[PDB]
Amino acid sequence: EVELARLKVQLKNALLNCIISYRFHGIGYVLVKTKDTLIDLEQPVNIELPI
Amino acid sequence: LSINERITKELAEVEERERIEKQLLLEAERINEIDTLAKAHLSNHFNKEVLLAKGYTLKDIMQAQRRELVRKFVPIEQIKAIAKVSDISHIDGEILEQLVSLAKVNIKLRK
Amino acid sequence: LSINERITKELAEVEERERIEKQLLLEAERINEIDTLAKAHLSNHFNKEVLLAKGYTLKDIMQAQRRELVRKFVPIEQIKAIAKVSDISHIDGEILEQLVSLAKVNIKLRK
Amino acid sequence: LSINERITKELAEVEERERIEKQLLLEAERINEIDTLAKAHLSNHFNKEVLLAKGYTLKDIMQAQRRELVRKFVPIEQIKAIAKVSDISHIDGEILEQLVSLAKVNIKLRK
Amino acid sequence: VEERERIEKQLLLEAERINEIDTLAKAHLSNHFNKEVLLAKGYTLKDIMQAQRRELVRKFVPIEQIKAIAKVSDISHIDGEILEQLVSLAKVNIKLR
Amino acid sequence: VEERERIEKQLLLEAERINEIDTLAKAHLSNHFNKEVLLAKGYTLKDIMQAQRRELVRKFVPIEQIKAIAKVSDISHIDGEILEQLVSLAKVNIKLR
């Protein structure tokens, strides 16, 4: 529950700016960061627990 | 015979100890490739320290890491083909070893 | 011998076997750490194969790799103040574990 | 005679006890050195006076100061690797002496 | 059987002490006090060892220390850990010699 | 019947060992110690094998190593695990030869 609560805090922080960008521009993007390298972002994800 | 016989029986004991040592080295190789995969590819929340604090046997830790790695790398179709079922919650064993070998191949080709 | 004595003996035996199993797993992970450190930070001449060909025990190989890693990473002042002496040739043990931990974190901060 | 030589052994044992008194004095010197470390590197709230007022034994004060110094100077990565556990709450002893040696080394290199 | 094991340990210890005594005595005193010739003359092993120790004291440890620490000029009857003290003093004397 | 199967396995193992020993001994020691002539002289198969083994030791293993591992200069009565050690030593000596 502690790790999930920290994840929830970061999710809220991301969602605030996501909604702000949705209202100002028309679209908002939130990246779900996992335990991967910068080049691995291109590859798809099957099942993972986000960082 | 006699004195030398008992010393050669102690030598047989040495053979047994060497067999145990080789078995430990095999454990080293297996469990260690597993731990390298776990650290390199899985979250910090699945660390052995926190899992042991939550109270899981180390074999449970290794099988959980293996299952997470298989779900992360091996596709669901490959799981449903090799393991014959989608759920991996009851597939620990030799089939799990095959699945983690496939996951190692997957990460090797991914790099 | 009553029922309570039977239960406590059984539980003690089970816990002892579990602790032995955990010790075997710990030795496995230690063999991993020695192998990976030797492959990554030390020369090919210090490989387990060539050392065994020269005829050294596995524990001797582990401590030699550890000492070489400590000399490579941990500075001489740090060695002289941890182990209280400059020479590491007779510091195998818990203090050797300290020096190798210092080297393990030295390489982390170097990266 | 036999009485003379047995009394010689008796006073030789008394001599060994004298050496024990000397090593007690050396331990007291180590105690005052740990006190200096505590004053130099730790808060005023961990002073021997206030700890004794709160009602802690002198050995408890020394081990608490040592644990705080290890956490302050020795980074948690070394702490975990040395104690084989992250928590220091049950690592008082020779391992704690090794850890406070590592803390002394850390402050020496920091200066 | 560990009682017999410890008995064998004590046997090893006294054998090592005899080894040290012999390796120094053969090179220090004479060949006349060799173990073989003493056994031929008819002395038990303990008698041989104590006689060699007394000769070692008479060679290294000075007579004043003999008559003061051991209280008697004659080492003929002083045997015991007083003889141990005397042979230790002889070891110190040969070390400084 | 698997007990007899394992007995036959051990029979094959010792037969292969005997065949290897005989093949190397014929080319190394002499033809006077051939199985046929020894049987004619009246020695059992195991006696023939142990005699050939002892001759192999006396040939490849020099007498100093012989008395070193056998602990006795004469290989006439050392048979057993020590004899197996000595014949493996003979194999080593012919390998390095």
Check D:61, D:31 and return the single one that is of a type outside the set (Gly, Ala, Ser), under 18 Å from residue D:101 (Cβ atoms) and either in contact with a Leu (Cβ under 7 Å, 6 or more places away or on another chain) or touching a residue at least 24 places away in the same chain (Cβ under 8 Å) (or both).
D:31
Among the residues of the stretch F:5-56, count how many are small (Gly, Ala, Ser) and under 17 Å from residue F:94 (Cα atoms).
3
Any residue that is more than 16 Å from the chain's Cα centre (by Cα) and assigned to a helix (DSSP H, G or I) - is there at least one of those in the stretch F:47-56?
no
Qualifying position, being within 14 Å of chain C (Cβ to nearest Cβ), surrounded by 13 or more Cβ atoms within 10 Å (Cβ to Cβ), in a loop (DSSP other than H, G, I, E, B) and of a type outside the set (D, E, K, R), among D:91, D:79
D:91
Condition check for residue B:110: among the basic types (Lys, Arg) and within 21 Å of residue C:24 (Cα to Cα)
no
Could we say that residue D:70 is of a type in the set (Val, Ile, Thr) and touching a residue at least 24 places away in the same chain (Cβ under 8 Å) here?
yes
Taking residue F:34 as the residue in question, decide whether it is in contact with a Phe, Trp or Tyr (Cβ under 8 Å, 6 or more places away or on another chain), surrounded by 11 or more Cβ atoms within 10 Å (Cβ to Cβ), without any contact (Cβ under 8 Å) to a residue 60 or more places away in the chain and over 27 Å from residue B:2 (Cα atoms).
no
So residue E:45 ticks every box in (1) under 18 Å from residue E:14 (Cα atoms); (2) surrounded by 13 or more Cβ atoms within 10 Å (Cβ to Cβ) but one. Which box is left unticked?
(2)
Which residue out of E:17, E:4, E:53 is of a type in the set (D, E, K, R) and crowded, with 16+ Cβ neighbours inside 10 Å?
E:53
If I go through the stretch B:94-111 residue by residue, how many of them are within 18 Å of residue B:42 (Cβ to Cβ) and either surrounded by fewer than 17 Cβ atoms within 10 Å (Cβ to Cβ) or out of contact with any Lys or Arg (no Cβ under 7 Å at 6 or more places or on another chain) (or both)?
12
Specify which of the listed residues (A:16, A:7, A:41) is touching a residue at least 12 places away in the same chain (Cβ under 8 Å) and either among the hydrophobic types (A, V, I, L, M, F, W, C) or more than 9 Å from chain B (Cβ to nearest Cβ) (or both).
A:7
Counted residues in the stretch F:84-97 being part of a helix (DSSP H, G or I) and either within 10 Å of another protein chain (Cβ to nearest Cβ) or basic (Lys, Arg) (or both) come to 4
Within the stretch E:60-80, the residues that are β-branched (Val, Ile, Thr) and either over 17 Å from residue D:8 (Cβ atoms) or in a helix (DSSP H, G or I) (or both) are E:63, E:66, E:69, E:75
Lone unmet requirement of (1) under 16 Å from the mean Cα position of the chain (by Cα); (2) surrounded by 11 or more Cβ atoms within 10 Å (Cβ to Cβ); (3) not hydroxyl-bearing (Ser, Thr, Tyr) for residue F:63
(1)
Determine which member of the set B:70, B:85 is under 30 Å from residue C:20 (Cβ atoms) and either surrounded by 17 or more Cβ atoms within 10 Å (Cβ to Cβ) or not small (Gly, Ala, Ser) (or both).
B:70
Kindly indicate the residue of the stretch A:19-38 that is away from chain B (no Cβ under 14 Å) and β-branched (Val, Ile, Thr) and also nearest to the chain's Cα centre (by Cα) among those meeting that condition.
A:30
Keeping to the stretch B:6-57, report how many residues are touching a helix residue (DSSP H, G or I) at 6+ places or on another chain (Cβ under 6 Å), farther than 28 Å from residue A:33 by Cα and away from chain C (no Cβ under 12 Å).
1
Would you mind finding the one in E:76, E:30 that is among the polar types (S, T, N, Q), within 16 Å of the chain's Cα centre (by Cα) and closer than 27 Å to residue D:11 by Cβ?
E:76
Which of the residues that make up the stretch C:46-76 are of a type in the set (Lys, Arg) and over 12 Å from the mean Cα position of the chain (by Cα)?
C:48, C:54, C:71, C:72
Is there any pair linking a residue in the stretch F:48-68 that is closer than 14 Å to residue F:79 by Cβ to one that is surrounded by fewer than 21 Cβ atoms within 10 Å (Cβ to Cβ) and small (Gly, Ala, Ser), with Cβ under 9 Å and at least six apart or on different chains, and which?
F:54/F:76; F:55/F:30; F:66/F:73
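Quick reminder, even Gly has a Cβ in these numbers, built from the backbone with ideal geometry, and neighbours come from all protein chains shown. Taken together, the values in this text are just the output of simple stated rules run on the coordinates, not laboratory data.
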